[PDB]
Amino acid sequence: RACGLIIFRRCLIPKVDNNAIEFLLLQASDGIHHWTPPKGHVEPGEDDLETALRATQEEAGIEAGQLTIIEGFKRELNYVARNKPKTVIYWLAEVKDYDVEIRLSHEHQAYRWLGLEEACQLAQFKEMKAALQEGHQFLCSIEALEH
């Protein structure tokens, strides 16, 4: 069981930015070299949301001071990879600074910041595509209500 954060940043230059929202994806060092948001396994006694924050720090080098958790969104994924059952819980979190320093560990070899459509294509897997699309939809609905 793993928990993570769908990390995004806002791109607020109106004529320029094709995508007002970009998602952070990390590419695995091993295996297929899958692309996912930052995530990590739970620890005994650890709250699921604290695991997601901790795993984001460990996998992407993003500290709690550099993020804001967006309340109201949570998505649990259940899938089979290499004939093993997998469960992952994601929350949404916005980075404070567009230029936040991404520091990878040995578990990942690259990162991309991508618009929703390109993030979906890289993520590839259908549950992860759904979760990113649903996260994007939630962010737009929230903006509308505050607007």
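Position 1 is the first residue in the sequence shown; the rest follow in order.
The mean C-alpha temperature factor is higher for 13-21 when 135-143 and 13-21 are set side by side. A summary of the deposited B-factors shows that, of 46-54 and 117-125, the stretch with the larger mean C-alpha value is 117-125.
Among 79, 111, 98, 91, the highest C-alpha B-factor recorded in the PDB entry belongs to 79. Among the modelled residues of its chain, residue 69 has a C-alpha B-factor that falls in the middle third according to the deposited record. Among all modelled residues in its chain, residue 32 ranks in the highest third by Cα B-factor. In the deposited entry, the Cα temperature factor of residue 85 sits in the top third of values across the chain's modelled residues.
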